[PDB]
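> Show me the folded form of this:
(chains A, B, C and D, ligands or ions: 2)
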Amino acid sequence: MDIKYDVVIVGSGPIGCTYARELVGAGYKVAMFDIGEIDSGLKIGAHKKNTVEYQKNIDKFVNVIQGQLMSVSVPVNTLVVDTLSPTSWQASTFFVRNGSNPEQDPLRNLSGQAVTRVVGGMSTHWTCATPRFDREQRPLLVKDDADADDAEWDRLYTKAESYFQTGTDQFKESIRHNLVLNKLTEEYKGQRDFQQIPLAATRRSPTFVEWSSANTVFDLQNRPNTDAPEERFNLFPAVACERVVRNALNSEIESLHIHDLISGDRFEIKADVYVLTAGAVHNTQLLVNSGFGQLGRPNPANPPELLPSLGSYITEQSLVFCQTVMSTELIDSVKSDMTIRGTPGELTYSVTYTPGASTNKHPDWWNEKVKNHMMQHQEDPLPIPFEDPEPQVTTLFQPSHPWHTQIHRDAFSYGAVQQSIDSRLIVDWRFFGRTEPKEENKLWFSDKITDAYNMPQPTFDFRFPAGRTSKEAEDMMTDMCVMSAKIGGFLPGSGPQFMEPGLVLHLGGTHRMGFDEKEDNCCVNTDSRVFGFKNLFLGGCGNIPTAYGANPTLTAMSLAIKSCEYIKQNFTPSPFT
Amino acid sequence: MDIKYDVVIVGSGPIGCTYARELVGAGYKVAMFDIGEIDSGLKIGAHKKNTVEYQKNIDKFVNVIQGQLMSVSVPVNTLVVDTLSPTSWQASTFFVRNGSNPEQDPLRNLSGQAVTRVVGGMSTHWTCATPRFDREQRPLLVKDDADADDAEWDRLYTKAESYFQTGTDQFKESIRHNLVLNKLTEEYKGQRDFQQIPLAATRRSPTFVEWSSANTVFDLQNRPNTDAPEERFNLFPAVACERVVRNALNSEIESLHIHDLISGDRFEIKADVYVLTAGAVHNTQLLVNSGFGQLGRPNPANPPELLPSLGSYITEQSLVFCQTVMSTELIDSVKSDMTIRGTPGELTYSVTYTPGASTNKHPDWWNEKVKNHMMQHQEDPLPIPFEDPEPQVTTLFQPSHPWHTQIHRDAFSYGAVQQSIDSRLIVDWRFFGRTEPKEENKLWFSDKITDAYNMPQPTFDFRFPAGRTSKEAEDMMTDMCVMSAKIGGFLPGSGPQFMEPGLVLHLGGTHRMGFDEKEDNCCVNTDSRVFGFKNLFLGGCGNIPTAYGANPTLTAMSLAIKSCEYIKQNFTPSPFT
Amino acid sequence: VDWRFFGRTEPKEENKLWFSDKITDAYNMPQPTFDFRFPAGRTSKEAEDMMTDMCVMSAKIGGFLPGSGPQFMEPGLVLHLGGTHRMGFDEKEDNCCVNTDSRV
Amino acid sequence: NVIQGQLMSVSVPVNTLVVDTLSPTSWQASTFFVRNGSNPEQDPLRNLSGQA
Ligand SMILES: *Cc1cc2c(cc1C)nc1c(=O)[nH]c(=O)nc-1n2C[C@H](O)[C@H](O)[C@H](O)COP(=O)(O)OP(=O)(O)OC[C@H]1O[C@@H](n2cnc3c(N)ncnc32)[C@H](O)[C@@H]1O
Ligand SMILES: *Cc1cc2c(cc1C)nc1c(=O)[nH]c(=O)nc-1n2C[C@H](O)[C@H](O)[C@H](O)COP(=O)(O)OP(=O)(O)OC[C@H]1O[C@@H](n2cnc3c(N)ncnc32)[C@H](O)[C@@H]1O
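Numbering: from 1, shown residues only, chains lettered A, B, ... in the order given. Ligands and ions are numbered 1, 2, ... in the order given. Please see the structure below:
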């Protein structure tokens, strides 16, 4: 730890790692600070679900997720407990207790919004779904040249996909996957396309998928090292970055103020380039703490001098959810090519098929798996092999169905009576809707209340916009109920529901990109540079200005790639002395 | 990966690390294998709660615990779900589903028993309570000499305490701690002694306690290294140890059969000394898989050839629990030394005390904290500082109250109205009973069903013994009810209750120690050596043959230290080159 | 607003109400026992169509009240049990117990 | 409440819910015996459980 670098990056999630990957590799002397610590093993910032124990026991992974998600803004609790002993101490009012935020209107909250403070950020636990946005969801990078805009976006996404190791083949031989995919494909022939969810992941064996994360983008090892003897990189965990220091002219950042949480020491760190990749809530926090926007409850009678649009036009996706139990029809289809003489268990119960036969509804890798299962586990009443991977099916966002869909399984906590149902029968449905950007939808920071790190307390003022957003969310719910019914019935206790606002986590627009500060009501340009500042960049979902349904990280990563191109063209690395 | 070692240890929990610390330090070439992986940061096997994020948000830590506890034996589920859609596939029977164990009588289970597979074992999440056993609970090490027995235990316990960094001073200036301590002291005066729980922990700051773990006992770094150039140690994570190979005479182990879970390869590893420290359940399973005891439902018509006591006499503590909300009388007493004039939130508000006054009920450090809190946070209705540490109180096991007590706070999930009560008010009560060892209480392993690692499925045949154990469990419940009432009334939803059997996780006696195999119905001698075998040692709670109430890990470590003494005198380390 | 959609269930011989010859109810009469499943085919297919229809229709009035989203109710909680002593024109041909005068 | 007060279940299968946090002093059977008016004839998977 010295205190002069070429580039400093705040945050070690996958957007921060994008910047590290590009600028380390191009020869800059880089330092990255994370307020969290290293805790995913020896591959720094890797996916926590890549242990053999979670590949065997995926439902336990919900606990790991919950364990690193900390609610952003909890209103004051007003539940009445009146069965306390009369000897117990009790207040007369619902006072500010337990970390709750008295600035928060409970009725204008994103109660499910949460943040993770670990090296690697949320990419240590994410679901790894990495779809591209289509034009309707996607910010413009070129005005008035739709084919140029498209070429640019194709180039950046292809790069982003290579950093993440995105692919659509990891589940190709799952029987449940193909059963669901083929059924939906048939039911929506000529109306919608289904495919595998694009997933940042690499299959290593029939029972092991290596999920991608920050570590996949950039391995986060300090450099120089044997494998990179000419690169220069230092990661400093358990360091809070508190603010950037602006010059009087508001044209340049002069330093970053940090606080080492283990030692207690404070430093001012100097760089040529400053990159904030602390997440959509914490980028905005650090910026308000640095004198951008304004602190306290906003008021249009006093608009801020710098970045008046910061923390407005915030967007969060609507999310509807359910689970189904596979239809009898679809389970019987699995064994459609099988001849079954005799009675299960006993002497010469037999199950056979004819390879190659073109009466066969199924391929022979399928039939072989089903045969071997039914022959070797004669006591089991289902034709699906016990280690068959889960479905990972999508029909992507389109104008006639403007929502993203995931028809799959991920980490989930089943009641003791959904533990009653064979897991092979269960499919999760998650449909994600787009939310229109509205100036009145805000994230702001108290001037009186502070969080666990003593920083200004984030407060939401949010409601799903009236109009198209609200009507679409209700159309999306119905579309889920209609679609799901083709695969099976609802699992009791996991019927169709809206999820808690913000629980999706895909918060956008807090520090949004546009061409022109005033006209596009934005904070950064298309290079992710903060308006008026030569040397300050922001990365993450906070940059996305549009209403989007699909999972946004690949889009944000693409915008970070473009940002790094500007950096490479405008700043010279220090000579490797 | 070479194949010849002086010593191989199976398991990297605190007991395996005890053996490593001693034997690596004595100059032996040591390999350690764990089926789990490194995932606690760069300090291998360290406590997961030592991140700044968990020191700030202690109650999220219950998630980390749950995420790494996998139930040992789950009976077949018979919950009736009858509101499935008619189109959904439904079995006609409650078949074997979702990893359930059809061998398990649900009414003779330890349903709460769970195992952890990660580097450092359960010591990556444990509560760090490390009391000694008094004579009543403690296995004899010297026969017919209680003073020599005592002297021996004291010497072993003292060394184990240094390895774990056990102390009774880390909460000495907590207001909540001393409030509860002083009150219980006063109330039971002349009848019981109260003290801080002995905790394996080091305070680093007023807001940071470094909880000990396997890492504290042995850092788990491969050697030779810069800090230890003449030592030889290798850790091999993600390796299932499957069998110890017996010679035909049943006098020596000849190799350890392993399975690398990442590469899929199987090897045989050779050592002079084989130490099993895989936990109480997994030590027994490996021995049964190696041909000790017997596979299948036990039958006294066919007692096994080797270690016929293996997996019999198993013990688990009864656990009662509640939470309380602190009494108005005690809260008011926190500020008994203060003079309060004027009105809060205004100029006129003065809180003062007289440092040193002899009529003061509390010492000056306490009064300063209280005055500062009240004066600096005049809107808060409580006199306890926001950052005051939790209570950590015990009255240790005695013949007139034969249970261990913890009066404190640990990780816990508050329902949305327990979130309603200010956390400064809340105290957790856990009392642990001793269970009499009975031959009919058994852990056995299925000859047909296999677990997630393809090993024989553990099955329990357990009921709390009639007579003294049962009588004491109920007396212990009563005593918690009576004692807790002195502090405050119960928190609704957390009234006094017995916890799920085994959820305590202090399983003992599965491979129990004694002096004579037949006479003392045991599996290992006082050096933890398996009877009849020259070179096979078992460490852990499975060795403890007594009924005990207090947390067992320190007792188990003391036994491992003794075992290491025997190894050091009977096996010669290889020359270093 | 509450929404309740009721489907029709095809009569099947295998679907039965019977009475134990050992177990007795609270009035010391033979204990009723059911042997019932929703018939495969049209009945089952219509039940799922009916769920979807409620989901589609109800959305025109408003969204679901949390906790009371679309669900099937416990079988029989409806209490419109039928066919236990069924009417038909001919005992053998119409598999019945009463004629159209409700006479046994 | 009035409706619920005058509705009696026709056929309740034998209950198999495991309660394993009883005090060790409390009496426990070793089987799921016929208890509390349950119908041992009733297959819980072929029932009209809401019939009353
Ligand atoms: C939680 C989760 C997220 C998730 C997901 C499902 C779950 C349960 N599924 C996704 C998937 O299918 N698709 C996808 O596109 N996204 C999905 N996500 C979200 C995704 O993980 C996030 O979008 C992405 O991780 C965001 O990346 P970014 O790099 O911008 O931000 P981060 O991961 O949140 O990490 C930021 C970090 O900065 C640190 N920090 C915060 N404040 C400070 C300060 N003051 N100083 C220094 N560091 C700071 C954090 O600790 C953090 O690691
Ligand atoms: C869960 C926990 C534990 C606990 C506690 C509260 C909680 C929630 N409170 C404690 C307390 O306050 N005081 C106390 O004394 N103990 C308390 N505990 C229990 C304690 O953590 C255990 O007693 C202790 O950790 C036992 O240590 P040991 O070293 O014997 O066993 P382990 O920690 O379970 O580690 C064993 C390991 O071996 C591995 N393994 C298992 N099978 C294999 C095979 N086949 N091959 C190779 N390795 C294997 C595991 O992965 C594990 O790491």
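
> And residue A:370, its phi and psi?
The phi and psi torsions at residue A:370 (degrees, to the nearest 10) take the values phi -70, psi -50.

> I meant residue A:237, not that one.
The phi/psi pair for residue A:237 (degrees, to the nearest 10) is phi -80, psi 160.

> what does stretch A:356-364 rub up against?
Under the contact criterion Cβ atoms under 8 Å, 6 or more residues apart in numbering or on different chains, stretch A:356-364 has outside partners A:333, A:336-337, A:353-355, A:367, A:370. All C-beta spots, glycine's among them, are computed from the backbone N, C-alpha and C.

> Can you list the buried residues in it?
residue A:362 (16 or more other Cβ atoms under 10 Å in any protein chain shown).

> and that stretch, how far apart are its ends?
Length of stretch A:356-364, first residue to last, Cα to Cα, to the nearest Å: 7 Å.

> who's in contact with residue A:308?
Contact analysis of residue A:308 by Cβ under 8 Å, 6+ apart lists residue A:293.

> Could you measure from it over to chain D?
Separation of residue A:308 from chain D (Cβ to the nearest Cβ, to the nearest Å): 58 Å.

> just to revisit the earlier point, in helices, which of the contacts of stretch A:356-364 fall?
When DSSP state H is applied, these are split such that A:333, A:367, A:370 fall in helices.

> Please name the nearest non-neighbouring residue to the second one.
Leaving out its chain neighbours, the residue that sits closest to residue A:367 by Cβ to Cβ, 6 or more residues apart in numbering or on different chains is residue A:353, at 4.5 Å.

> if we can go back for a sec, separate out the buried members of the contacts of stretch A:356-364.
With neighbours counted by 16+ other Cβ under 10 Å, those contain buried members at A:333, A:337, A:353, A:367, A:370.

> Out of these, which comes closest to chain C?
Chain C lies nearest to residue A:333 out of the buried ones among the contacts of stretch A:356-364, by Cβ to the nearest Cβ, at 14.7 Å.

> hang on, that closest one packs against residue A:178?
No: if you go by Cβ atoms under 8 Å, residue A:333 and residue A:178 don't touch, sitting 10.6 Å apart.

> just to revisit the earlier point, show me the two of the contacts of stretch A:356-364 that sit farthest apart.
A:333 and A:355 (18.8 Å; Cβ to Cβ).

> Residue A:404 in helix, strand or coil?
strand (DSSP: H, G, I helix; E, B strand; the rest coil).

> if I pick residue A:535, what's in contact with it?
Residues near residue A:535 by Cβ under 8 Å, 6+ apart: A:252-253, A:271-274, A:571.

> Kindly present those residues as a markdown table, with separate columns for neighbour count and distance to chain C.
Below are these laid out as a markdown table (neighbours: other Cβ atoms under 10 Å in any protein chain shown; distance: Cβ to the nearest Cβ, whole Å):
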| residue | neighbour count | distance to chain C |
| --- | --- | --- |
| A:252 | 15 | 50 |
| A:253 | 25 | 46 |
| A:271 | 22 | 49 |
| A:272 | 20 | 52 |
| A:273 | 22 | 47 |
| A:274 | 26 | 44 |
| A:571 | 17 | 51 |
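
> Could you export these to TSV, including columns for distance to residue B:79 and secondary structure?
Shown next, in TSV, are the contacts of residue A:535 (distance: Cβ to Cβ, whole Å; DSSP: H, G, I helix; E, B strand; the rest coil):
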residue	distance to residue B:79	secondary structure
A:252	65	coil
A:253	60	strand
A:271	59	coil
A:272	63	coil
A:273	59	strand
A:274	56	strand
A:571	63	coil
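
> which one among those residues gets closest to residue B:45?
Nearest to residue B:45 among the contacts of residue A:535, with distances taken as Cβ to Cβ, is residue A:271, at 36.2 Å.

> these two touch, right, that closest one and residue A:7?
Yes: assessed by Cβ under 8 Å, residue A:271 is found in contact with residue A:7 at 5.6 Å.

> Now for these two: what residues contact both?
Jointly contacting residue A:271 and residue A:7 under the rule Cβ under 8 Å, 6+ apart are residue A:31.

> Tell me how many other residues crowd the residue in chain A that chain C sits nearest to.
Distances between chain A and chain C by Cβ to the nearest Cβ are smallest at residue A:481, namely 3.8 Å. Using other Cβ atoms under 10 Å in any protein chain shown, the number of residues around residue A:481 comes to 26.

> ok, which stretches of the stretch 301-450 of chain A are strands?
Applying DSSP state E, counting those that start in this stretch to the stretch 301-450 of chain A gives strands spanning A:318-326, A:339-341, A:350-352, A:392-394, A:403-408, A:426-433, A:442-450.

> Just name whatever secondary elements the first one is in contact with.
Put plainly, it is strand A:318-326. strand A:426-433, helix A:468-484, strand A:488-490, strand A:497-498 (3 or more Cβ pairs under 8 Å, 6 or more residues apart in numbering or on different chains; DSSP states H and E).
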